[PDB]
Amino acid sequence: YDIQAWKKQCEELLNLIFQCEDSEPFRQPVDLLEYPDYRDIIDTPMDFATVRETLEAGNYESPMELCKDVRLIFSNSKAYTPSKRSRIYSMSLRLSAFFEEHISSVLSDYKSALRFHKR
């Protein structure tokens, strides 16, 4: 019932994601000169370095907020892809499956800890 445990669990998951070759296109903000129209399509850019820095700054209050930002990385990739068969979009689908598989227990444990605190 540790209410704070999610933070280190998210740091460890981000470390695994950074080790994944599939995270390469998502480690830093999208290159705006390589894709000059990016901001015409994407309203809120997001990347894993921004997520890690927000976490390390103490600017996430819960793992749900971190999860919303990570999911935004994947929805931005889906929105920008010209095809569902593209290389970068295909990498995002595998990385999303990996992330969802590992974040599920982090969210469940945090929500359970909060419920115990208010029992």
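Here, rigid core means the biggest group of C-alpha atoms that superpose within 1.5 Å across both forms. All residue numbers refer to positions in the sequence shown, first residue = 1.
RMS Cα deviation from the shown model in 8 other deposited structures of this protein, rigid core fit, is larger for 80 to 88 than for the other stretch of the pair 37 to 45 / 80 to 88. Superposing on the core and measuring CA offsets in 8 other deposited structures of this protein, the stretch of 65 to 73 and 24 to 32 with the greater mean deviation is 24 to 32. Relative to one another, 88 to 96 and 41 to 49 have unequal mean CA B-factors, and 41 to 49 is the one with the higher figure. When the mean C-alpha temperature factors of 17 to 25 and 107 to 115 are read from the deposited coordinates, 17 to 25 comes out higher. Annotation for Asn59, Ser62, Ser75, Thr81: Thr81 ranks highest, by Cα B-factor.
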